[PDB]
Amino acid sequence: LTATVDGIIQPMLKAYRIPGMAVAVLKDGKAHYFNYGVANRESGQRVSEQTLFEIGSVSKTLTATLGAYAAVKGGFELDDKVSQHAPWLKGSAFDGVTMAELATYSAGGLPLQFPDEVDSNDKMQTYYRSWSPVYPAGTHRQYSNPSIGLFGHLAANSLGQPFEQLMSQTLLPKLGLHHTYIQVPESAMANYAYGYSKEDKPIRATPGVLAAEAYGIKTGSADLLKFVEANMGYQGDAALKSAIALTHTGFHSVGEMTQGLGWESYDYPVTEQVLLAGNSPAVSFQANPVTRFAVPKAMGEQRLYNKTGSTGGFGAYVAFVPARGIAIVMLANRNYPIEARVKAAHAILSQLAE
């Protein structure tokens, strides 16, 4: 292995007091697992590649794959208006938003989170029915859980299924992810890590509206690397392969970052400075005018695809370059700085590419 994983990861774990981390890398078709520290600080139970971590917003890549799958299966087309697939949105602003804009955070300024008062399905429908766009559709990117959350919800229901059903019964089994969960079952609680807050309490995920779609997957590094493997020359089912290809399609760009379904990608080679900038709050916190594509673009293999994710007590990152057959998954039970995740992953990936 050309990479020096221990030498890059261990100083970072110390610098941010990360209790445990599961790292998995792919190179030349083989998976390598590097496990550090503890899943549970009071028992001392060790992290393995089967430890379940909250992967937070990395869930959006699975949600995007599910939505692309529903589109390939005929439930909807990406250029359909959103209200074509939700009778309760007819006449609302979503008459003028496409499913693709919803999935790529460009509907027009949907916020990062639902307002605190939205705590039921009924209040969720009312929220979207009364939503006032900040920007014209397709012109501005504001990263948003309500946006891709609604995409995942409506995509699944376009096949007559709840999101959780289509994810748990179709997408995850077809991807080969048998230890990946929206809700961790009884048989697997022994493997579920605790997270540790920035204030340092043991904490686990708070359920919320459309949490499953936007940030609610629990999985280990082995299962998550298997999903990344499917994103690098998947040999198999035509519908699922077409779905994955749609997630590698670009719909707009902000600076050097191109927004796909779930995945965000960069030209490869990519500098650390560019990858840091694309994952900084200058991109993730504020609404930015996008570079527009007249038609969506199949982006290609010689690119760095990535996604960050966090919960109250967890911090995750995934990046891969399909043309190189290299990948890194980093799942931690501390929500530690995105810049540290990016710097470490860029260093390791640069070495794997040698």
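In this text, residue numbers run from 1 along the sequence as written. If you superpose the two forms and keep the largest set of C-alpha atoms that fall within 1.5 Å, you have the rigid core.
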| note | Top-deviation stretch by C-alpha RMS in 4 other deposited structures of this protein (rigid core reference), from 194 to 202, 137 to 145, is 194 to 202
| field | Rigid core superposition result in 4 other deposited structures of this protein, more deviant of 153 to 161, 228 to 236 by Cα | value | 228 to 236
| Out of 257 to 265 and 191 to 199, which stretch has the higher average CA B-factor listed in the record? | 191 to 199
| Looking at the deposited entry, does 143 to 151 or 163 to 171 carry the larger mean Cα B-factor? | 163 to 171
| remark: For 102, 134, 240, 222, the deposited C-alpha B-factor is largest at 240
| field | Of the residues 252, 73, 81, 90, the one carrying the largest Cα B-factor as recorded | value | 73
| Taking the C-alpha B-factors as the PDB entry records them, is residue 211 in the lowest, middle or highest third of its chain? | middle
| task | Please place residue 36 in the lowest, middle or highest third of its chain by C-alpha B factor as given in the entry. | result | highest
| task | Tell me, lowest, middle or highest third: where does the Cα B factor of residue 290 rank within its chain? | result | lowest
| message | When the deposited Cα B-factors of this chain's modelled residues are ordered and cut into thirds, is residue 22 in the lowest, the middle or the highest one? | response | lowest
| message | Based on the deposited C-alpha B factors for this chain, I'd like to know if residue 158 is in the lowest, middle or highest third. | response | middle
